[PDB]
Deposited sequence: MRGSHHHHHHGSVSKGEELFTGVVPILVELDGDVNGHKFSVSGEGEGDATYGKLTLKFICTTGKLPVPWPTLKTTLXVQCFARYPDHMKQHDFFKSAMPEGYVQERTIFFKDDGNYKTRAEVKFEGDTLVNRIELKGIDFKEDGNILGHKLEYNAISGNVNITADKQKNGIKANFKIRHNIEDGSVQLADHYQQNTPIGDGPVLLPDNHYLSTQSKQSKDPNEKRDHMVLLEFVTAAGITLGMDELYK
């Protein structure tokens, strides 16, 4: 695609999120860069409104799958880059088992040479002392396989995957994700054969940063289709 050509070197990234979870309102800003040749993302997120009222790990998926490394032989299945520069809408519902849900809407697009992710998030039906509003998650890595299907009716894609977040008492909190992406522009897109994105993230802190924040180092690689 012509959009893929936008991703052959290191691209600056900006993320801006406004959230409301059970009436707790917050905002997050992110800055970093992506290098899709290696599926590599480095980001720092800052809660601009004070302390983040939910755990950072529950926001990681919400806070740029256009930076996935697609293997050469799978490049015709990269929807995300084919929609650029005009971008796409990414919507999710994320179900926390035995707890509330996030509903997210984002637009991902170029503004100049910067890839920007602007998001709104709504959480409802959270338990006041469950794992999320009780802050019982470990500030712990996450990984998984994002399963992608074509959505021909919407000239886009669907995806579904589970995140298992470790809890401080040694249990696991499941977060079942449902996703849809649709192009913003009316230019040509690539609609993929079924495949997945193998994704892993390490979270850390800027020891010099007093604000509530998260630093991420993430790798995202398309898989599941064999050459030939």
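- Coordinate coverage of the deposited sequence breaks at 1-13, 77, 243-248, these segments carrying no C-alpha atoms.
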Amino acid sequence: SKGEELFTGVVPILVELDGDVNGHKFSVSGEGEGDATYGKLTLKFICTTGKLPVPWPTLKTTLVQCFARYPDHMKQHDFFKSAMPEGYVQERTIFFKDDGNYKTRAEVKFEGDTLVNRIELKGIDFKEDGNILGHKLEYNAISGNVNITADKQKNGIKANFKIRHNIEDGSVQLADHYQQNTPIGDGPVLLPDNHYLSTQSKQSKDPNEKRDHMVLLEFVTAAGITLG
From here on, numbers count along this sequence of modelled residues.
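- With 185-193 and 156-164 compared on mean CA B-factor from the PDB entry, the stretch scoring higher is 185-193.
- For the pair 72-80 and 141-149, the mean B factor over Cα atoms is greater in 141-149.
- Looking at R118, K122, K127, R92, the one whose CA carries the top B-factor in the deposited record is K127.
- Ranked by C-alpha B-factor against the other modelled residues of its chain, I225 falls in the highest third.
- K44: CA B factor in the middle third of modelled residues in this chain (values from the PDB entry).
- Sort the modelled residues of the chain by CA B factor and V172 lands in the highest third.
- Per the deposited record, the Cα B-factor of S27 falls in the middle third when ranked against the other modelled residues of its chain.
- In this PDB entry, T199 carries a Cα temperature factor that places it within the middle third of its chain's modelled residues.
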